[PDB]
Amino acid sequence: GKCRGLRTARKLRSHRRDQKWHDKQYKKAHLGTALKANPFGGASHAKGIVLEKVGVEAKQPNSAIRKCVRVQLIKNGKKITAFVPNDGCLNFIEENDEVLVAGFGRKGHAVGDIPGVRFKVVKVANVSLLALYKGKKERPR
Amino acid sequence: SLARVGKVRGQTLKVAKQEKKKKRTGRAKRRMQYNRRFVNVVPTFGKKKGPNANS
Amino acid sequence: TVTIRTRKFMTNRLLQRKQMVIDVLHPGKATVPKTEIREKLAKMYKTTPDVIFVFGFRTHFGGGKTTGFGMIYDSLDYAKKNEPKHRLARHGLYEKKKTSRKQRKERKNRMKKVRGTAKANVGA
Amino acid sequence: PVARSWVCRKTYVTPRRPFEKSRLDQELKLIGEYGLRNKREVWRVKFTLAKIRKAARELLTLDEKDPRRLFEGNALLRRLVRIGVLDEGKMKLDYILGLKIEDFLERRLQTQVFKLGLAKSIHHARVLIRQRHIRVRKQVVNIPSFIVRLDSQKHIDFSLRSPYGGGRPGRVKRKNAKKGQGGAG
RNA sequence: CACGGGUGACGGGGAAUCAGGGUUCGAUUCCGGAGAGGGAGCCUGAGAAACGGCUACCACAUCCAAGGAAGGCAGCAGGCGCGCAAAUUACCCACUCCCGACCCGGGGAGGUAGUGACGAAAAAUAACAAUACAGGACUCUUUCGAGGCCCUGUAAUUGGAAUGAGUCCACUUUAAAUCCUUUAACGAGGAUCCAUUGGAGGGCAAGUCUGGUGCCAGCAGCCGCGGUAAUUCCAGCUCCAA
Ligand SMILES: [Mg+2]
Ligand SMILES: [Mg+2]
Ligand SMILES: [Mg+2]
Ligand SMILES: [Mg+2]
Ligand SMILES: [Mg+2]
Ligand SMILES: [Mg+2]
Ligand SMILES: [Mg+2]
Ligand SMILES: [Mg+2]
Ligand SMILES: [Mg+2]
Ligand SMILES: [Mg+2]
Ligand SMILES: [Mg+2]
Ligand SMILES: [Mg+2]
Ligand SMILES: [Mg+2]
Ligand SMILES: [Mg+2]
Ligand SMILES: [Mg+2]
Ligand SMILES: [Mg+2]
Ligand SMILES: [Mg+2]
Ligand SMILES: [Mg+2]
């Protein structure tokens, strides 16, 4: 601190209270602009209906097509490109399926090669995409 | 284009998994691990090798 | 080979009973049944077995010792007077009816519908 | 409102660095030397020993001849003397800080059964405890982490219902006699 | 720092993390408050502006012969909906207590079971012995080698010994049960009675092993890897962490 007087506790507490708002991690939590902008809304997962399967070109040096999925959520109606992680797991996903969609692990940030995808697909029609990949469960038909 | 989904995982050579004597588990696994760490090998000269170091 | 000792003895004059912590030792067999407990309390305190009420056994781990509770009344006109009815129904001297609790509530709400003497005629 | 406790406490703490090569070099000696089952058994003895040292530092900051520091200090020494980790002449609360994890793993019943010589190996002793072969003062103990007090160390022996003690043979030898008597007739 | 506004604001005892300070949470079993779809008004009563009490209006909604009548699960179970997100339309007043004219009656309060990997505690999935073998402090030997008072380890080599998990009578438990504990009878050698989950370039413990792919498929929290010899993808073996 700078003002060290013995009865300056309102000068100090109201200066941390002012200057906490210049912290980027603090203001995002304590303004409602970022919770409104979050397509989940302070949730960790969201079911959503697939409406098309989208190929996303990767960024710089990496040259690949990232196999993503245009998801429209149930709870909001908001539209989202979510990612499909493992190899060949886009073929399990048919159109018009309720898929469970998580984050990517970076708390609202684009991750790695993919430009502007914040979300990945966990389950495909109440069957996990891991068990579809491994072969433990089968797509229910 | 999304035509190449499942390319490499589809075209790999399908290798059947080898059968194997099952590993002991629990303190017995940890015991066999302790023996292959400490009580067997001796200090020798030069740079020492790894647990899976093959060449 | 079954030895039974008593701990924490007390005479209840205001309940007309004895009371003790039964300590059964059976190293070599199962938890010995309560019929065999009452007959051995009978020869220990020189009393009849019908005034003896014994309950609450939990056998230790390892199993060479248990711990139970017991009361010994003066007569059956005390042992039926101050005693829980479920422990009088164990030996055979008390009988509850076979109407269950949901049939009793369902009739009480039907008897609440009907006014007068016809409350006796609601059920059956 | 239900009438039940919900008072529960974790008895271990996982360490701050997950993949130190030197901590795994250290803690895996403790499992081999003392026949333990996992790292959580190592991690829970370090956490009890941290609690005793944490209460030890809290008493050393108190002034000498404090009415709390004498009573809490005498109790904490007695609780370490009776288990047999602290020496009965060394009972002074400044020596609790000079105390390490291998001293608790000695007073474990699995290592006492090994050091009393009624066990073949450290890993044989834990098979004896799990199969209800040994007792401590007419009480069959089934659990190897039993902290044997100094008072009750000289009473460890085989349980009375055990073929390793004076009892019936096991399932196996009863069947080996039955096929032997089945073979002869 | 009034007044106004927002609160993903019921307050507190408390909880999580923590050197010392602190930061965040506290709908949630204890204390206080508020409310019974939304507001409003009353009657009886010591005590209610009561909703498992009435009276209206609004919303929702059931029976009808169309004149009327009936309602309030944010009690306990349960159902629909909403969702990322949460249990049986079970048994009993035996325990704790409550109420009543009362030792007797009643209590979805409460107790006990069923679902339960929210979470916490304890804790099996082998141990031993003998054969080959690989080694070590002795003694001998220049080394080569060797004897065993003594070890330590490995191997679908062999051997009987100990046990639960389970099967199943019986007690005990209990209101009646179920479970734990006690206990006969069965129950183990590839002890098939089979432990997974993630990873192996660096951070970060652990292979420049082999096959396929050829900036593709894909991996990658970050740096980065893949452009026909990939320590980084897809597989097998092996190893590593819990
Ligand atoms: Mg870059
Ligand atoms: Mg508000
Ligand atoms: Mg609120
Ligand atoms: Mg609260
Ligand atoms: Mg009210
Ligand atoms: Mg409602
Ligand atoms: Mg009202
Ligand atoms: Mg109601
Ligand atoms: Mg009420
Ligand atoms: Mg849950
Ligand atoms: Mg009751
Ligand atoms: Mg009554
Ligand atoms: Mg209840
Ligand atoms: Mg197993
Ligand atoms: Mg690999
Ligand atoms: Mg790494
Ligand atoms: Mg490394
Ligand atoms: Mg990697």
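The first residue you see is number 1, and the count goes up from there.
The way this entry was determined, per its header, is electron microscopy, 3.9 Å.
Including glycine, each Cβ sits where the backbone N, Cα and C put it.
The annotation SUMO2 cross-link is assigned in Swiss-Prot to A:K36 on the grounds of similarity to another entry. According to Swiss-Prot, the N6-succinyllysine annotation covers A:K53. Sequence annotations record features per position, and here Swiss-Prot assigns 3-hydroxyproline to A:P61 based on similarity to another entry. Per Swiss-Prot, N6-acetyllysine is recorded for A:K134.
For the modified residues A:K53, A:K134, the greatest number of Cβ atoms within 10 Å around a candidate Cβ is found at A:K53.
Proximity to chain B (CB-CB distance below 8 Å) holds for A:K53 among the recorded positions A:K36, A:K53, A:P61, A:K134. For the pair formed by the residue listed as '3-hydroxyproline' and A:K36 (SUMO2 cross-link), distance between Cα atoms is given as 34 Å, rounded to the nearest Å.
The Cβ neighbour count for A:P61 (3-hydroxyproline), using a 10 Å radius and every protein chain shown, is 6.
Taking a C-beta cut-off of under 8 Å and a sequence gap of six or more, the residue listed as 'SUMO2 cross-link' has no contacts in its own chain.
The residue listed as 'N6-succinyllysine' sits 22 Å from A:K134 (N6-acetyllysine), taking the Cα positions as reference.
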